[PDB]
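As structure tokens, one chain now follows by itself in the form deposited in one PDB entry.
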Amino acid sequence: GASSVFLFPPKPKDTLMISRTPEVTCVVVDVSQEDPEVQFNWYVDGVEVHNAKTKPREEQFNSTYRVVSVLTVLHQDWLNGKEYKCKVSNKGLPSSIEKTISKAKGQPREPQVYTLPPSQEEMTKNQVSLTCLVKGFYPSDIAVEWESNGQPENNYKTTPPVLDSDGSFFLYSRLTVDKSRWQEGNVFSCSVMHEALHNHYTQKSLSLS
């Protein structure tokens, strides 16, 4: 049953800051009530590690169980491309299913980050859009946030990365703000976190001309 194990990477922001906790997550679905205990062995570059935390089976609303195992990884190990392998078995049975994941391969490329004010036509509205164009980046793992006056501005949404013709990625993030706050000269800033940035972070600010 190999189409029922899924292995997920850490969130981009978690791998870029050593104070955060990046985790690789091995999920087993379609677990039967007649299945003996689900068991996990984890390996980093083929060497077994023992710090994973496995949660008890959780029943889903389709008469199956789901079992999750979570492994904390060393930021540097993930970014250096180490391979993470989850081996799933049932207690007292011999067979197993194995899944592997690692960061995408290829030379990392630094994102270029541009901020764009609202279209003049949008200035007629009650709220305006501030746009952050992030391009030229590789791999696609990236985090984008906005702030103003120290505080996180959370009325924003960000597109998934999109693959460009030269093999790098781009995306846009759109922050929506009251026109009054923009008209008043408030400074807004787009922060971007990516492994190929110096100190893994950059920011670009934008305010009324």
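Throughout, we count residues from 1 along the sequence that is shown. Rigid core here is just the name for the largest C-alpha set that superposes within 1.5 Å across the two forms.
Just so it is clear, the following notes concern the form deposited in another entry, a form of the same protein that is not shown.
Superposing on the core, which single option in 95, 120, 126, 107 has a CA shift of 2 Å or more between this form and the one not shown?
-> The displaced C-alpha is that of 95.
Superpose the two forms on their rigid core, then report whether the C-alpha of residue 166 is displaced by 2 angstroms or more between this form and the one not shown.
-> Where the cores coincide, residue 166 shows only a C-alpha shift between this form and the one not shown that is less than 2 Å.
Is the C-alpha displacement of residue 154 equal to or greater than 2 Å between this form and the one not shown once the rigid core has been superposed?
-> It does not reach a 2 Å shift.
Residue 54: Cα shift of 2 Å or greater between this form and the one not shown (core-aligned) | Where the cores coincide, residue 54 shows only a C-alpha shift between this form and the one not shown that is less than 2 Å.
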